[PDB]
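Next up: a single chain in structure tokens, the form deposited in one PDB entry.
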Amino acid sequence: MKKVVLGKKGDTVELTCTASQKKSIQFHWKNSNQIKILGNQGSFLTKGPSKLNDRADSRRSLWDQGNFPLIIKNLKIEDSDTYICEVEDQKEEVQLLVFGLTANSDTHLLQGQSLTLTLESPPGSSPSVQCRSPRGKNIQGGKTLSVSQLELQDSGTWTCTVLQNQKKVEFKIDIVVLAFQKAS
């Protein structure tokens, strides 16, 4: 199989690359369209015509140990792609998947408070969302997970864990409960 790495939208990710011996040697990071992203030319860095240009940038201090990371900050969903690190006649591949998750909560009179978590997943992927109520009430869901009416106990820290390619990424959401129904 291929090395898969999951990342959160807005977060920063460090994709690793390591040579067989501890010394700075010509490396180069590309994507799946073989588009130059970032590499070195001796002790100088160079960036390719990609769209991660302003946001991708390894740091040189580690090159002398054979470490040639590709760091992407302020991740986007469009940053989901296979990135190949070419160093010394080897082409190590990695699958990057960037998920995002938003939370809308509308409370109405004569109704109560509703909650809708929406997952922004990368094009072509099968994610499985599993949100955990503060008290341990797990709920299944696909693209979006809804809760018609919250309760007083649901106030706290919800953990929603996204499952993709055998591994997972964890989201934390502090839920504030404005209104709950009660038998009068």
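Residues that one form lacks are left out of the comparison. Only the largest set of C-alpha atoms that superpose within 1.5 Å between the two forms is called the rigid core. So that there is no doubt, residue numbering starts at 1 and follows the sequence shown.
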Quiz item: Mean C-alpha B-factor higher for 47-55, or for 127-135?
Solution: 127-135
Quiz item: If you average the CA temperature factors over each stretch, which comes out higher, 8-16 or 165-173?
Solution: 165-173
Practice problem: Compare the CA B factors listed in the entry for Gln41, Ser155, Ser148, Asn31 and report the winner. | Solution: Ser155
Quiz item: Among the chain's modelled residues, which third holds the C-alpha B-factor of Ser80?
Solution: middle
Exercise. Using the B-factors in the PDB entry, rank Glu93's C-alpha atom against the chain and give the third, lowest, middle or highest.
Key: highest
Practice problem: State the tercile, meaning the lowest, middle or highest third, of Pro69 with respect to the CA B-factors recorded for its chain. | Solution: lowest
Practice problem: Grab the CA temperature factor for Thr118 from the record and place it in the lowest, middle or highest third of its chain. | Solution: middle
Practice problem: Going by the recorded CA B-factors, say which third of the chain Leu109 sits in, lowest, middle or highest. | Solution: lowest
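Another form, the form deposited in another entry, is not on view; read the next lines as being about it.
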Quiz item: Can you tell which of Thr82, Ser105, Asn74, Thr102 moves its Cα by 2 Å or more between the shown form and the other one, with the two forms laid on the rigid core?
Solution: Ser105
Quiz item: Mind listing the moving segments between the shown form and the other one, meaning three or more residues in a row, each Cα shifted 2 angstroms or more, core aligned?
Solution: 104-112
